[PDB]
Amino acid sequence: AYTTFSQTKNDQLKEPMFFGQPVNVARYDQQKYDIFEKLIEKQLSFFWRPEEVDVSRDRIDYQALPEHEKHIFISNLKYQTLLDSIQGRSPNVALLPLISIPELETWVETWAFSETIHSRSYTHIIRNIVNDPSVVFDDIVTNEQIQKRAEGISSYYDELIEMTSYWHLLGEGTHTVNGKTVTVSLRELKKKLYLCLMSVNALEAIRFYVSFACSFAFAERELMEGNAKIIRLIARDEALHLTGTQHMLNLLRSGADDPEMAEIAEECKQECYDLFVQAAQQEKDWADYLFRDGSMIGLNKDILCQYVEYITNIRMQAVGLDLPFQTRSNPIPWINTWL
């Protein structure tokens, strides 16, 4: 059974990141892993609000864009909004119940919070460039291309949450539920967690960076400059987010936190590799949708797909996966000005 204040006095410096005794006292004078304390402190130092960015020129730019360029821009913004709708809530609902050290617990809540600022900022942008935001927001849910990605990404979270509820209620073992063989295994729940974090790492480290390239390609043409300033702030946060999941995954991998996780991560490695490859392929297929009606100065299906391969290689190496693509230089080095 899960509890919001566990009554056992435990040494929180010896707890594992996940699945230990739920955190009772929230204290910040000591850390098992100070990366999480440093990320909290940095995310707090970055605190920004969308309304401090002038987006008033972007309506004119948007109106002046050719129709296929509107399609590129607004499809990209709808996807970002989709992704951070998930990211605003899911770290809290999915990970918080499983965390057993206070610095990780507070990082996850600071992370999710910073995502709601991202979500609020996409509303600020949408409201300022179209006449009827409802059209945009409704299309996020019903768009065939977008909901393909939503269903895959949300399933990593949903499956972790469902298994968690079974574990908190039933505990480990083979259980009878209405006459069904429900086998609750902590090793399996640990696998769901590790895969979910891998999917979240691809989400922030690859999927959002593909979208940043689209946003900044407009800024390179001196268009949608209010949008670009916001995305600069979002990208600076995203670098913190993906660093956190990088450290979670690698600490789980190393056996330094939980020795059972090290062998789980090895049994999962082909699964994780494949999950990352499928995400990169999905992002490549998304560029076909973005550029279905034509391309724009500085960005097209070919260039963006090169960038998918380039960034996927970097992120996969950083979590110890093999590289799925040929090594290559950055095909859009102008993006570095914005990151």
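Heads up: residue numbers just count along the shown sequence, starting at 1.
K.L.:
Which of the two stretches, 162 to 170 or 197 to 205, shows the higher mean Cα temperature factor in the record?
P.N.:
Taking the mean B-factor of the alpha carbons in each, 162 to 170 is higher.
K.L.:
Which wins on mean Cα temperature factor, 304 to 312 or 266 to 274?
P.N.:
Higher mean C-alpha B-factor in the PDB entry: 266 to 274.
K.L.:
Just the C-alpha B-factor column, please: which of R149, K229, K78, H124 has the biggest number?
P.N.:
Of the options given, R149 has the highest CA B-factor in the PDB entry.
K.L.:
Given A235, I153, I74, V108, identify the residue with the highest C-alpha B factor in the PDB entry.
P.N.:
Highest C-alpha B-factor among the listed residues goes to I153.
K.L.:
Determine, from the deposited record, the chain-internal third of the Cα B-factor for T245: lowest, middle or highest.
P.N.:
Middle third.
K.L.:
By its CA B factor, does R120 count among the lowest, middle or highest third of the modelled residues in the chain?
P.N.:
Lowest third, going by the recorded CA B-factors of the chain.
K.L.:
Name the third of the chain's ranked CA B-factors that contains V177, choosing lowest, middle or highest.
P.N.:
Its C-alpha B-factor belongs to the highest third of this chain's values.
K.L.:
Once the chain's modelled residues are ordered by C-alpha B factor and cut into thirds, is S215 in the lowest, middle or highest one?
P.N.:
Tercile = lowest for this residue's CA B-factor.
K.L.:
By its CA B factor, does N143 count among the lowest, middle or highest third of the modelled residues in the chain?
P.N.:
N143: CA B-factor falls in the highest third of its chain.
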